[PDB]
Amino acid sequence: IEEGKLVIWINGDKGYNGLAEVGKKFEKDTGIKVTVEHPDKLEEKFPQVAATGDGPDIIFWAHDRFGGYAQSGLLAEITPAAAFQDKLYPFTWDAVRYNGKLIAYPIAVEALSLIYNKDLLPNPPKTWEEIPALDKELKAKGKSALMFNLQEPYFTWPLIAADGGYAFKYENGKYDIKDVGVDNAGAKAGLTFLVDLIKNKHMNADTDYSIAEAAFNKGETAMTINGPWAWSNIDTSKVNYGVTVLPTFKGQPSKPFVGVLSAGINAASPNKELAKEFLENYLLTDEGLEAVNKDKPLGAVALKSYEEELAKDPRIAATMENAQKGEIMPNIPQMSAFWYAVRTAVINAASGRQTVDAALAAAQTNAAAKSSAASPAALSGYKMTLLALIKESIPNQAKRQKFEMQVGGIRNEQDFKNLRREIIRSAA
Ligand SMILES: OC[C@H]1O[C@H](O[C@H]2[C@H](O)[C@@H](O)[C@@H](O)O[C@@H]2CO)[C@H](O)[C@@H](O)[C@@H]1O
Ligand SMILES: O=S(=O)(O)CCN1CCN(CCS(=O)(=O)O)CC1
Ligand SMILES: O=S(=O)(O)CCN1CCN(CCS(=O)(=O)O)CC1
Ligand SMILES: O=S(=O)(O)CCN1CCN(CCS(=O)(=O)O)CC1
Ligand code: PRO
């Protein structure tokens, strides 16, 4: 990583040209060059490259991936003053707290909504159960009721969760990674409803992000499910669209997993102060968020001063109604295993090559912790050993804060040995 410049990674569905404009302003004002990139699969590439001390100075993703990055030692603790923290909503800071430490700057709150074509469907269905009948009517007019991305479990989760599916059981502020909720009666009911839609030819198992976006924006389908980043392309499409609450299932709200788009600082970056400068004083300003939002809408931004304006938009009100019906995702390391397992279950069941029950049974075990935990007594001994070692051997306070955060998340002797090695390898 090159000292004296910033390299920033952000997903290709976000307002990266807008962010590059913020980068250009930073360079104009400070002399420091900013390069924005949008690599494919960056949520998988970041851990790969950062593990060897490489990669971007700043990484943007929803917060759910960030506990894994932090636990792996890839993220510095961020250092905003209390005065800066007060400029963002408290509920957003909780999404980016890991083992007591702030690990990223929250940018914006993302929840899926039902997006509908008002010309085809002036009053969109309140319930999932209404959709088959609606699709039959629209099929007789050469249209379809609903198309959305069936390849990414983010989009199907709101239906799986509606009647009781859950990721990890959450009690007394803690997630139990041995207690997974993807093959309970509610998860089965929701995924069965989706698979039935496909069986009855109301949806196609092959539908992906591009296929659904193209169909909605051409007026071929009456409804889609998507986030605020999608509104830009609909605005130029001519479709007269609305954004509303997701349909209920078995009388229960759809419960989207809510993401907070967040910006973390690579632990190996020699540019941590520049990164803080850019994020606090350029990006998290009304002007900076406007530039990104104008490119692709962010959703409900974390910066109070700008959200006061955006919240007046009915599309943002709908976003936040859906967010309130769902749940802020956990940020725990096990989230990537969860998402891979649910991805597999939905694709395999939707393709008809496996039953819903078998798909979700496999996912239930595949999402859960694979390795055993140490006993409570042994684990406390390992943690106290490492805390002593960090204080003994690591002179830099920021580096100590990072390692102390990682200590909080070890689960077994192998984790203890792995983290001990990382501490012993710490450079000056
Ligand atoms: O599908 C699983 C995927 O869900 C979320 O990714 C969202 C992301 O949060 C949105 O900002 C947008 O980019 O759509 C993605 C869905 O394709 C999780 O954040 C991600 O970790 C998980 O793999
Ligand atoms: O929060 S409490 O601990 O009080 C009850 C939590 N508990 C979780 C599991 N679901 C099963 C739904 S179903 O999938 O079986 O319908 C019921 C509610
Ligand atoms: O935060 S980063 O990881 O990017 C680099 C932080 N780094 C720590 C060490 N000090 C030495 C001050 S001096 O006495 O050498 O001037 C410079 C700043
Ligand atoms: O020192 S402490 O009492 O806290 C725990 C020491 N204890 C030694 C035995 N191994 C068994 C795993 S294995 O070696 O059989 O793989 C677990 C850890
Ligand atoms: O949800 C709505 O109704 C907004 C109004 C303009 C475009 N869609």
# chains A, B, ... in the order shown; residues from 1 in each chain; ligands from 1
$ closest_atom_pairs --of "region 220-281 of chain A" --to "region 37-57 of chain A" --cutoff "7 Å" --atoms "only C-alpha atoms" --output "CSV"
residue,atom,partner,partner_atom,distance
A:265,CA,A:57,CA,5.8
A:266,CA,A:57,CA,5.2
A:268,CA,A:53,CA,5.2
A:269,CA,A:57,CA,5.3
A:271,CA,A:57,CA,6.8
$ residues_around --residues "region 229-244 of chain A" --least-positions-apart "3" --cutoff "6 Å" --atoms "only C-alpha atoms" --output "PyMOL selection string"
chain A and resi 113-118+217+296-297+315+318
$ closest_atom_pairs --of "chain A" --to "ligand 1" --cutoff "8 Å" --atoms "only C-alpha atoms and all ligand atoms" --output "tab-separated table"
residue	atom	partner	partner_atom_place_in_ligand_line	distance
A:11	CA	ligand 1	13 (O)	6.7
A:13	CA	ligand 1	13 (O)	6.2
A:14	CA	ligand 1	13 (O)	7.5
A:43	CA	ligand 1	21 (O)	7.2
A:61	CA	ligand 1	19 (O)	6.7
A:62	CA	ligand 1	19 (O)	4.7
A:63	CA	ligand 1	19 (O)	6.9
A:64	CA	ligand 1	21 (O)	5.7
A:65	CA	ligand 1	21 (O)	5.4
A:110	CA	ligand 1	11 (O)	6.7
A:151	CA	ligand 1	1 (O)	7.7
A:152	CA	ligand 1	1 (O)	3.9
A:153	CA	ligand 1	1 (O)	4.1
A:154	CA	ligand 1	1 (O)	3.7
A:155	CA	ligand 1	1 (O)	6.6
A:227	CA	ligand 1	12 (C)	7.3
A:258	CA	ligand 1	9 (O)	7.7
A:259	CA	ligand 1	9 (O)	5.3
A:260	CA	ligand 1	9 (O)	7.5
A:261	CA	ligand 1	11 (O)	6.6
A:335	CA	ligand 1	21 (O)	7.5
A:336	CA	ligand 1	23 (O)	6.5
A:339	CA	ligand 1	2 (C)	5.4
A:340	CA	ligand 1	23 (O)	7.3
A:343	CA	ligand 1	1 (O)	6.9
$ write_last_selection --atoms "N, CA and C atoms" --output "compact mmCIF listing (two decimals), in the first residue's frame"
# COMPACT_ATOMS: atom_id res chain seq x y z
N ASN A 11 -18.46 -1.20 -3.98
CA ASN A 11 -19.13 -2.09 -4.92
C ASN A 11 -19.64 -1.34 -6.16
N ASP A 13 -22.40 -1.44 -7.71
CA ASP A 13 -23.79 -1.02 -7.72
C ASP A 13 -23.97 0.28 -6.98
N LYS A 14 -22.89 0.83 -6.40
CA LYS A 14 -23.03 2.08 -5.65
C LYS A 14 -22.53 3.25 -6.50
N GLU A 43 -15.94 -8.17 -1.75
CA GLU A 43 -16.15 -8.60 -0.37
C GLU A 43 -15.34 -9.86 -0.10
N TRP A 61 -18.43 -1.69 2.31
CA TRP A 61 -19.39 -2.79 2.14
C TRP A 61 -20.48 -2.58 3.17
N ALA A 62 -21.60 -3.31 3.06
CA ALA A 62 -22.49 -3.34 4.22
C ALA A 62 -21.75 -3.93 5.42
N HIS A 63 -22.22 -3.52 6.60
CA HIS A 63 -21.52 -3.79 7.85
C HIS A 63 -21.43 -5.27 8.20
N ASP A 64 -22.24 -6.12 7.54
CA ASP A 64 -22.30 -7.49 8.02
C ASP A 64 -20.98 -8.24 7.80
N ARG A 65 -20.19 -7.79 6.82
CA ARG A 65 -18.93 -8.49 6.50
C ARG A 65 -17.81 -8.00 7.43
N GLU A 110 -29.60 0.74 4.30
CA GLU A 110 -30.15 0.09 3.10
C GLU A 110 -31.16 -0.95 3.54
N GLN A 151 -30.78 -15.09 -7.26
CA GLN A 151 -29.45 -15.68 -7.15
C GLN A 151 -28.72 -15.21 -5.90
N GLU A 152 -29.21 -14.15 -5.27
CA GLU A 152 -28.51 -13.66 -4.10
C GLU A 152 -29.49 -13.74 -2.94
N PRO A 153 -29.14 -14.43 -1.83
CA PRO A 153 -30.12 -14.68 -0.77
C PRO A 153 -30.59 -13.42 -0.03
N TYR A 154 -29.83 -12.33 -0.15
CA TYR A 154 -30.30 -11.06 0.39
C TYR A 154 -31.75 -10.78 -0.03
N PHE A 155 -32.09 -11.11 -1.29
CA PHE A 155 -33.39 -10.71 -1.81
C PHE A 155 -34.52 -11.65 -1.40
N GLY A 227 -33.14 -2.27 -3.69
CA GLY A 227 -32.72 -1.25 -2.74
C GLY A 227 -32.61 0.12 -3.41
N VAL A 258 -31.24 -5.69 7.18
CA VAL A 258 -30.92 -4.29 6.91
C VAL A 258 -29.40 -4.12 6.96
N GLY A 259 -28.84 -3.51 5.90
CA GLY A 259 -27.40 -3.30 5.87
C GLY A 259 -27.08 -1.84 6.08
N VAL A 260 -25.97 -1.58 6.75
CA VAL A 260 -25.45 -0.22 6.83
C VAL A 260 -24.20 -0.19 5.97
N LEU A 261 -24.24 0.56 4.85
CA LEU A 261 -23.04 0.72 4.05
C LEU A 261 -22.03 1.45 4.90
N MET A 335 -21.27 -14.53 9.69
CA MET A 335 -22.24 -14.12 8.70
C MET A 335 -21.87 -14.62 7.30
N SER A 336 -20.59 -14.70 6.93
CA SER A 336 -20.31 -15.09 5.56
C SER A 336 -20.70 -16.56 5.36
N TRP A 339 -24.51 -16.62 4.84
CA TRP A 339 -24.98 -16.21 3.53
C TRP A 339 -24.64 -17.26 2.48
N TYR A 340 -23.46 -17.89 2.56
CA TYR A 340 -23.13 -18.94 1.59
C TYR A 340 -24.11 -20.11 1.69
N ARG A 343 -27.50 -19.02 0.29
CA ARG A 343 -27.35 -18.92 -1.16
C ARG A 343 -27.53 -20.30 -1.80
$ residues_near_ligand --ligand "ligand 4" --cutoff "10 Å" --atoms "only C-alpha atoms and all ligand atoms" --output "number ranges by chain"
A: 374-382, 412-414
$ write_last_selection --atoms "C-alpha atoms" --output "PDB file, in the first residue's frame"
ATOM      1  CA  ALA A 374     -12.971 -24.336  24.225  1.00  0.00           C
ATOM      2  CA  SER A 375     -14.487 -24.690  27.668  1.00  0.00           C
ATOM      3  CA  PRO A 376     -15.364 -21.386  29.418  1.00  0.00           C
ATOM      4  CA  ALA A 377     -12.438 -21.815  31.837  1.00  0.00           C
ATOM      5  CA  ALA A 378      -9.902 -22.687  29.116  1.00  0.00           C
ATOM      6  CA  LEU A 379     -11.064 -19.855  26.890  1.00  0.00           C
ATOM      7  CA  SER A 380     -10.686 -17.223  29.617  1.00  0.00           C
ATOM      8  CA  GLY A 381      -7.158 -18.496  30.262  1.00  0.00           C
ATOM      9  CA  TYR A 382      -6.235 -18.146  26.581  1.00  0.00           C
ATOM     10  CA  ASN A 412     -10.829 -22.211  20.871  1.00  0.00           C
ATOM     11  CA  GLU A 413      -7.190 -23.242  21.255  1.00  0.00           C
ATOM     12  CA  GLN A 414      -6.541 -23.035  17.485  1.00  0.00           C
TER      13      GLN A 414
END
$ closest_atom_pairs --of "chain A" --to "ligand 2" --cutoff "8 Å" --atoms "only C-alpha atoms and all ligand atoms" --output "CSV"
residue,atom,partner,partner_atom_place_in_ligand_line,distance
A:163,CA,ligand 2,16 (O),5.9
A:164,CA,ligand 2,12 (C),4.2
A:165,CA,ligand 2,14 (O),5.7
A:166,CA,ligand 2,9 (C),7.8
A:169,CA,ligand 2,8 (C),7.4
A:171,CA,ligand 2,3 (O),7.6
A:181,CA,ligand 2,9 (C),7.1
A:183,CA,ligand 2,14 (O),7.7
A:184,CA,ligand 2,14 (O),4.2
A:185,CA,ligand 2,14 (O),3.8
A:186,CA,ligand 2,14 (O),3.5
A:187,CA,ligand 2,14 (O),6.0
A:188,CA,ligand 2,14 (O),7.7
$ write_last_selection --atoms "N, CA, C and O atoms" --output "PDB file, in the first residue's frame"
ATOM      1  N   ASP A 163     -42.149 -15.553   8.486  1.00  0.00           N
ATOM      2  CA  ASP A 163     -42.942 -16.411   9.368  1.00  0.00           C
ATOM      3  C   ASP A 163     -42.047 -17.159  10.358  1.00  0.00           C
ATOM      4  O   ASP A 163     -42.497 -18.083  11.041  1.00  0.00           O
ATOM      5  N   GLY A 164     -40.762 -16.798  10.433  1.00  0.00           N
ATOM      6  CA  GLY A 164     -40.008 -17.203  11.606  1.00  0.00           C
ATOM      7  C   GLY A 164     -38.562 -17.593  11.334  1.00  0.00           C
ATOM      8  O   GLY A 164     -37.833 -17.873  12.283  1.00  0.00           O
ATOM      9  N   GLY A 165     -38.153 -17.608  10.068  1.00  0.00           N
ATOM     10  CA  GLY A 165     -36.752 -17.919   9.810  1.00  0.00           C
ATOM     11  C   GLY A 165     -35.818 -16.912  10.493  1.00  0.00           C
ATOM     12  O   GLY A 165     -36.109 -15.713  10.566  1.00  0.00           O
ATOM     13  N   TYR A 166     -34.679 -17.387  11.002  1.00  0.00           N
ATOM     14  CA  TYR A 166     -33.660 -16.489  11.536  1.00  0.00           C
ATOM     15  C   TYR A 166     -32.259 -17.007  11.238  1.00  0.00           C
ATOM     16  O   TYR A 166     -32.084 -18.196  10.954  1.00  0.00           O
ATOM     17  N   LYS A 169     -29.541 -17.175  16.741  1.00  0.00           N
ATOM     18  CA  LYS A 169     -30.339 -16.748  17.888  1.00  0.00           C
ATOM     19  C   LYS A 169     -29.586 -15.700  18.709  1.00  0.00           C
ATOM     20  O   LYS A 169     -28.406 -15.849  18.979  1.00  0.00           O
ATOM     21  N   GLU A 171     -29.680 -13.491  22.064  1.00  0.00           N
ATOM     22  CA  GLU A 171     -30.170 -13.375  23.429  1.00  0.00           C
ATOM     23  C   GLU A 171     -29.156 -12.630  24.284  1.00  0.00           C
ATOM     24  O   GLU A 171     -27.964 -12.918  24.224  1.00  0.00           O
ATOM     25  N   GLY A 181     -31.473 -20.623  12.491  1.00  0.00           N
ATOM     26  CA  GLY A 181     -32.923 -20.652  12.307  1.00  0.00           C
ATOM     27  C   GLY A 181     -33.362 -20.785  10.855  1.00  0.00           C
ATOM     28  O   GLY A 181     -34.426 -20.304  10.490  1.00  0.00           O
ATOM     29  N   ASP A 183     -33.885 -23.667   9.107  1.00  0.00           N
ATOM     30  CA  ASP A 183     -34.676 -24.831   8.711  1.00  0.00           C
ATOM     31  C   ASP A 183     -35.844 -25.043   9.669  1.00  0.00           C
ATOM     32  O   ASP A 183     -36.375 -26.163   9.783  1.00  0.00           O
ATOM     33  N   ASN A 184     -36.276 -23.955  10.289  1.00  0.00           N
ATOM     34  CA  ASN A 184     -37.469 -24.036  11.124  1.00  0.00           C
ATOM     35  C   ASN A 184     -38.732 -23.967  10.266  1.00  0.00           C
ATOM     36  O   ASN A 184     -38.660 -23.794   9.055  1.00  0.00           O
ATOM     37  N   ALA A 185     -39.900 -24.120  10.918  1.00  0.00           N
ATOM     38  CA  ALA A 185     -41.144 -24.161  10.175  1.00  0.00           C
ATOM     39  C   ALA A 185     -41.371 -22.877   9.375  1.00  0.00           C
ATOM     40  O   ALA A 185     -41.836 -22.951   8.232  1.00  0.00           O
ATOM     41  N   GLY A 186     -40.979 -21.726   9.935  1.00  0.00           N
ATOM     42  CA  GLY A 186     -41.210 -20.466   9.229  1.00  0.00           C
ATOM     43  C   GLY A 186     -40.318 -20.287   8.001  1.00  0.00           C
ATOM     44  O   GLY A 186     -40.801 -19.876   6.949  1.00  0.00           O
ATOM     45  N   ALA A 187     -39.047 -20.692   8.130  1.00  0.00           N
ATOM     46  CA  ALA A 187     -38.141 -20.634   6.985  1.00  0.00           C
ATOM     47  C   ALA A 187     -38.616 -21.569   5.872  1.00  0.00           C
ATOM     48  O   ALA A 187     -38.607 -21.216   4.688  1.00  0.00           O
ATOM     49  N   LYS A 188     -39.034 -22.781   6.270  1.00  0.00           N
ATOM     50  CA  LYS A 188     -39.543 -23.721   5.295  1.00  0.00           C
ATOM     51  C   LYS A 188     -40.788 -23.175   4.601  1.00  0.00           C
ATOM     52  O   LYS A 188     -40.903 -23.357   3.391  1.00  0.00           O
TER      53      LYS A 188
END
$ closest_atom_pairs --of "chain A" --to "ligand 3" --cutoff "12 Å" --atoms "only C-alpha atoms and all ligand atoms" --output "Markdown table"
| residue | atom | partner | partner_atom_place_in_ligand_line | distance |
| --- | --- | --- | --- | --- |
| A:1 | CA | ligand 3 | 4 (O) | 10.6 |
| A:2 | CA | ligand 3 | 4 (O) | 10.9 |
| A:3 | CA | ligand 3 | 4 (O) | 8.4 |
| A:4 | CA | ligand 3 | 4 (O) | 9.7 |
| A:5 | CA | ligand 3 | 4 (O) | 11.2 |
| A:6 | CA | ligand 3 | 4 (O) | 11.1 |
| A:53 | CA | ligand 3 | 3 (O) | 11.9 |
| A:57 | CA | ligand 3 | 4 (O) | 9.4 |
| A:58 | CA | ligand 3 | 4 (O) | 11.8 |
| A:75 | CA | ligand 3 | 3 (O) | 10.9 |
| A:76 | CA | ligand 3 | 3 (O) | 8.4 |
| A:77 | CA | ligand 3 | 1 (O) | 10.3 |
| A:78 | CA | ligand 3 | 1 (O) | 10.2 |
| A:79 | CA | ligand 3 | 1 (O) | 10.4 |
| A:265 | CA | ligand 3 | 4 (O) | 9.5 |
| A:266 | CA | ligand 3 | 3 (O) | 9.2 |
| A:267 | CA | ligand 3 | 3 (O) | 7.3 |
| A:268 | CA | ligand 3 | 3 (O) | 7.0 |
| A:269 | CA | ligand 3 | 4 (O) | 5.6 |
| A:270 | CA | ligand 3 | 4 (O) | 3.6 |
| A:271 | CA | ligand 3 | 4 (O) | 4.2 |
| A:272 | CA | ligand 3 | 4 (O) | 3.8 |
| A:273 | CA | ligand 3 | 1 (O) | 5.8 |
| A:274 | CA | ligand 3 | 4 (O) | 7.8 |
| A:275 | CA | ligand 3 | 4 (O) | 8.5 |
| A:276 | CA | ligand 3 | 1 (O) | 9.6 |
| A:277 | CA | ligand 3 | 4 (O) | 11.7 |
| A:395 | CA | ligand 3 | 9 (C) | 10.3 |
| A:396 | CA | ligand 3 | 8 (C) | 7.5 |
| A:397 | CA | ligand 3 | 8 (C) | 9.4 |
| A:398 | CA | ligand 3 | 1 (O) | 7.9 |
| A:399 | CA | ligand 3 | 3 (O) | 8.5 |
| A:402 | CA | ligand 3 | 3 (O) | 11.5 |
| A:427 | CA | ligand 3 | 3 (O) | 11.2 |
| A:428 | CA | ligand 3 | 9 (C) | 9.1 |
$ write_last_selection --atoms "C-alpha atoms" --output "tab-separated table (two decimals), in the first residue's frame"
chain	number	residue	atom	x	y	z
A	1	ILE	CA	0.00	0.00	0.00
A	2	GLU	CA	1.52	3.29	-1.20
A	3	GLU	CA	2.08	5.99	1.45
A	4	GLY	CA	0.74	9.45	0.71
A	5	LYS	CA	-2.36	8.64	-1.42
A	6	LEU	CA	-5.67	6.83	-0.90
A	53	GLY	CA	-0.84	-6.37	4.11
A	57	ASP	CA	-6.72	1.99	2.26
A	58	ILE	CA	-10.52	2.15	2.60
A	75	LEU	CA	-9.28	-3.43	10.08
A	76	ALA	CA	-7.96	-0.65	12.29
A	77	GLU	CA	-10.11	0.74	15.08
A	78	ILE	CA	-11.47	4.04	13.83
A	79	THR	CA	-10.88	7.08	16.04
A	265	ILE	CA	-9.66	1.43	7.19
A	266	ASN	CA	-7.23	-1.35	6.28
A	267	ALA	CA	-5.09	-2.25	9.32
A	268	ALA	CA	-2.01	-2.31	7.05
A	269	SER	CA	-2.65	1.15	5.60
A	270	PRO	CA	0.15	3.72	6.19
A	271	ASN	CA	-2.47	6.34	5.35
A	272	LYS	CA	-4.83	6.00	8.33
A	273	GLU	CA	-4.82	9.76	9.10
A	274	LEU	CA	-5.49	10.66	5.47
A	275	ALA	CA	-8.31	8.11	5.43
A	276	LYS	CA	-9.86	9.65	8.53
A	277	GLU	CA	-9.48	13.14	6.98
A	395	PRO	CA	4.22	-0.46	22.04
A	396	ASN	CA	1.72	1.17	19.65
A	397	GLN	CA	-1.66	1.84	21.32
A	398	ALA	CA	-3.66	1.59	18.05
A	399	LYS	CA	-2.11	-1.82	17.34
A	402	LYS	CA	-6.78	-3.94	17.34
A	427	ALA	CA	6.05	-5.11	13.20
A	428	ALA	CA	7.38	-1.97	14.93
$ select_by_dssp --residues "region 84-122 of chain A" --states "alpha helix (DSSP H)" --output "list in words"
residues 84, 85, 90, 91, 92, 93, 94 and 95 of chain A
$ write_last_selection --atoms "N, CA, C and O atoms" --output "PDB file, in the first residue's frame"
ATOM      1  N   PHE A  84     -17.648  14.254  16.502  1.00  0.00           N
ATOM      2  CA  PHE A  84     -17.964  13.695  15.201  1.00  0.00           C
ATOM      3  C   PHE A  84     -19.045  12.630  15.348  1.00  0.00           C
ATOM      4  O   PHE A  84     -19.963  12.571  14.530  1.00  0.00           O
ATOM      5  N   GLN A  85     -18.915  11.783  16.374  1.00  0.00           N
ATOM      6  CA  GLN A  85     -19.880  10.711  16.548  1.00  0.00           C
ATOM      7  C   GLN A  85     -21.292  11.286  16.647  1.00  0.00           C
ATOM      8  O   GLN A  85     -22.234  10.691  16.122  1.00  0.00           O
ATOM      9  N   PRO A  90     -27.066   7.467  16.392  1.00  0.00           N
ATOM     10  CA  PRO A  90     -26.600   6.405  17.284  1.00  0.00           C
ATOM     11  C   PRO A  90     -26.875   4.989  16.794  1.00  0.00           C
ATOM     12  O   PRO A  90     -26.049   4.093  17.013  1.00  0.00           O
ATOM     13  N   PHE A  91     -28.028   4.759  16.159  1.00  0.00           N
ATOM     14  CA  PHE A  91     -28.378   3.392  15.781  1.00  0.00           C
ATOM     15  C   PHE A  91     -27.428   2.886  14.694  1.00  0.00           C
ATOM     16  O   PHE A  91     -27.258   1.669  14.560  1.00  0.00           O
ATOM     17  N   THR A  92     -26.800   3.808  13.949  1.00  0.00           N
ATOM     18  CA  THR A  92     -25.894   3.384  12.887  1.00  0.00           C
ATOM     19  C   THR A  92     -24.544   2.997  13.461  1.00  0.00           C
ATOM     20  O   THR A  92     -23.905   2.087  12.931  1.00  0.00           O
ATOM     21  N   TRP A  93     -24.094   3.692  14.515  1.00  0.00           N
ATOM     22  CA  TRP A  93     -22.809   3.358  15.117  1.00  0.00           C
ATOM     23  C   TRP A  93     -22.861   1.950  15.702  1.00  0.00           C
ATOM     24  O   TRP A  93     -21.843   1.260  15.738  1.00  0.00           O
ATOM     25  N   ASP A  94     -24.035   1.506  16.166  1.00  0.00           N
ATOM     26  CA  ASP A  94     -24.082   0.166  16.749  1.00  0.00           C
ATOM     27  C   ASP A  94     -23.814  -0.916  15.699  1.00  0.00           C
ATOM     28  O   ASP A  94     -23.290  -1.989  16.050  1.00  0.00           O
ATOM     29  N   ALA A  95     -24.142  -0.642  14.433  1.00  0.00           N
ATOM     30  CA  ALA A  95     -23.937  -1.626  13.376  1.00  0.00           C
ATOM     31  C   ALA A  95     -22.446  -1.882  13.152  1.00  0.00           C
ATOM     32  O   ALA A  95     -22.084  -2.932  12.635  1.00  0.00           O
TER      33      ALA A  95
END
$ decode --residues "region 96-141 of chain A" --atoms "C-alpha atoms" --output "PDB file, in the first residue's frame"
ATOM      1  CA  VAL A  96     -20.155  -0.961  13.173  1.00  0.00           C
ATOM      2  CA  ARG A  97     -19.217  -1.821  16.757  1.00  0.00           C
ATOM      3  CA  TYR A  98     -17.324  -5.096  17.172  1.00  0.00           C
ATOM      4  CA  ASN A  99     -16.181  -6.405  20.578  1.00  0.00           C
ATOM      5  CA  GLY A 100     -16.691  -2.905  21.929  1.00  0.00           C
ATOM      6  CA  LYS A 101     -14.648  -1.098  19.240  1.00  0.00           C
ATOM      7  CA  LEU A 102     -15.757   1.007  16.297  1.00  0.00           C
ATOM      8  CA  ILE A 103     -14.442  -0.706  13.137  1.00  0.00           C
ATOM      9  CA  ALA A 104     -15.994   1.443  10.369  1.00  0.00           C
ATOM     10  CA  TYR A 105     -17.750   4.698   9.593  1.00  0.00           C
ATOM     11  CA  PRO A 106     -21.474   4.216   8.874  1.00  0.00           C
ATOM     12  CA  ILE A 107     -22.555   5.854   5.611  1.00  0.00           C
ATOM     13  CA  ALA A 108     -26.160   4.860   4.883  1.00  0.00           C
ATOM     14  CA  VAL A 109     -28.988   2.491   5.809  1.00  0.00           C
ATOM     15  CA  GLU A 110     -30.145   0.093   3.100  1.00  0.00           C
ATOM     16  CA  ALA A 111     -33.354  -1.898   3.201  1.00  0.00           C
ATOM     17  CA  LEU A 112     -35.171  -3.625   0.351  1.00  0.00           C
ATOM     18  CA  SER A 113     -38.599  -2.330  -0.654  1.00  0.00           C
ATOM     19  CA  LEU A 114     -41.318  -3.378  -3.070  1.00  0.00           C
ATOM     20  CA  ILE A 115     -40.913  -1.296  -6.234  1.00  0.00           C
ATOM     21  CA  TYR A 116     -43.982  -1.262  -8.463  1.00  0.00           C
ATOM     22  CA  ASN A 117     -45.167   0.111 -11.804  1.00  0.00           C
ATOM     23  CA  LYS A 118     -48.107   2.418 -10.997  1.00  0.00           C
ATOM     24  CA  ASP A 119     -49.492   2.186 -14.541  1.00  0.00           C
ATOM     25  CA  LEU A 120     -49.752  -1.620 -14.464  1.00  0.00           C
ATOM     26  CA  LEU A 121     -50.568  -1.849 -10.772  1.00  0.00           C
ATOM     27  CA  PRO A 122     -51.908   1.372  -9.146  1.00  0.00           C
ATOM     28  CA  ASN A 123     -52.669  -0.506  -5.877  1.00  0.00           C
ATOM     29  CA  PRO A 124     -49.913  -3.104  -5.343  1.00  0.00           C
ATOM     30  CA  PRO A 125     -50.628  -6.329  -3.416  1.00  0.00           C
ATOM     31  CA  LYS A 126     -50.426  -6.170   0.385  1.00  0.00           C
ATOM     32  CA  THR A 127     -49.737  -9.921   0.537  1.00  0.00           C
ATOM     33  CA  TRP A 128     -47.452 -12.466  -1.142  1.00  0.00           C
ATOM     34  CA  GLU A 129     -50.497 -14.735  -1.361  1.00  0.00           C
ATOM     35  CA  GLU A 130     -52.156 -12.362  -3.887  1.00  0.00           C
ATOM     36  CA  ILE A 131     -49.248 -12.629  -6.301  1.00  0.00           C
ATOM     37  CA  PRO A 132     -50.135 -15.875  -8.210  1.00  0.00           C
ATOM     38  CA  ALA A 133     -53.560 -14.522  -9.155  1.00  0.00           C
ATOM     39  CA  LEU A 134     -52.130 -11.160 -10.137  1.00  0.00           C
ATOM     40  CA  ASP A 135     -49.527 -12.863 -12.321  1.00  0.00           C
ATOM     41  CA  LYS A 136     -52.201 -14.886 -14.140  1.00  0.00           C
ATOM     42  CA  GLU A 137     -54.061 -11.682 -15.017  1.00  0.00           C
ATOM     43  CA  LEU A 138     -50.886  -9.939 -16.190  1.00  0.00           C
ATOM     44  CA  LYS A 139     -49.809 -12.986 -18.215  1.00  0.00           C
ATOM     45  CA  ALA A 140     -52.996 -12.636 -20.279  1.00  0.00           C
ATOM     46  CA  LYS A 141     -51.722  -9.127 -21.100  1.00  0.00           C
TER      47      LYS A 141
END
